[PDB]
C-alpha cells in the first residue's frame, strides 16, 4: 500500500550503462529459453535497447519497469523467448547520452522482509506531461506498477498474489499514485525554477521509501529518500524524525517539511500501515514470497595465456538477491583485483552473479572463492581441483 500521508512538494551526473547478455537457463541447442539484456548503473533514464539475432532487431521484445539502485542509477531487463542454435549469433544494442555510438554486446554461450516503492519523474520539455513510473516491491519481487504512458492510467498488478485484491484496493492505489505523480510534477517545475535551469532540458526526480520487518514480523527499519538529477536531495534519517539535506535548495525543503510535520506522518505510515500491508502480502503470497533458494555454485577456469588464467566463481538461481562473493589468495582478500558483475535477474524470479580473478598458471590452488547467502546453512568455500 502506497503512502497516503507524508508526501509533500519540495548538472545531471551522467553514468554509463553496464550491459550483460545471458540466458535465463543453461543454453541447450533446440530447447526453449530466454535471452536477457540487463542494463544497469546508468543515468539519466532515456535509453534505447534492442536485441539482435544475426544482426537483426527482434520485434517481440518486453522490458521490465524502470527502477533504480541506492546510488539512484537505473536498471532494466530486456528479454525474449528464444531457442538457441549452433549458427545464430545474438547480441544486445544500447544507446545512451554517455555513449558516443550504440554498444553491441555479443551473447557468449560459454530472516527479514521489506516493502519498497520506487518513483521516477522525468520532465520531457516539448514532449508533454512528465514521464512518471512507480513500481512496488516486496523484497525482490515486483507486485504493482504504474506507468503514465500506459493505457490504463491505473495501478496495475504484477504478481499473482496481488491480483485477488478488491476494486477498493485498485481505486485507492490509483488515487495515491496519481497524487505522487502530481506532487513530483510540481517539484520538477519548482526545483528547475530554483536552479535556473533552462526549460528546454529534461530532468529527473526520484523517490524511494519503505519498511523492513524482522523475522517476528514487527517493525524493524524505515526509509525515505529523494533525489534530483540522480543526486541526493533530501533523506529521512534512520530515526525517522529528522532530515539530512545536502544542497542549499534542500534546506528550504527541510524547513518546509519540518514545519509541516512530514517526518511524523511518514513515521506513522512506515511503522504502521506499511508493516501491516507487508504482512498481508507476505501471507497472501507466502509460497512465492517466503522462500529462499540457495545459490547453485561452481567454478570455471579459462586460460588467458600460458602464464595466467581467469577463475570465475558462479552463483546461479538464488533468491533473494543479496549475496556476497569474495576471493582470497593465500587467505589475503582480493577485492581490489576481482571483477565483480552486478547481480542480475534470471527472468523467472531467481538471480545470478559471478566473480573472477586472474591467477598465474599453476597457482589456482591458492585462490579461494567465498559465497554468502541467507539460503545457505553455512558459507561456502570453493577451490579449483587442478
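Residue numbers count along the first chain shown, from 1.
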property	result
Absent coordinates between residue 216 and residue 217 - deposited residues affected, binned into four classes	none
Residue 11 preceded by how many uncoordinated deposited residues after residue 10	10 or more
22-30 versus 63-71 - which carries the larger mean C-alpha B factor in the record	22-30
Segment of higher mean CA temperature factor, 121-129 or 235-243	121-129
Candidate set 190, 265, 141, 100 [ranked by C-alpha B-factor, highest]	100
Of the residues 154, 109, 116, 261, the one carrying the largest Cα B-factor as recorded	109
Chain third (lowest, middle, highest) by recorded CA B-factor, residue given as residue 276	lowest
Ranked against its chain, the third holding the CA B-factor of residue 212	lowest
Chain-wide C-alpha B factor ranking for residue 171, given as lowest, middle or highest third	lowest
Residue 347 - Cα temperature factor, lowest/middle/highest third of chain	middle
Chain thirds of CA B-factor: placement of residue 195	highest
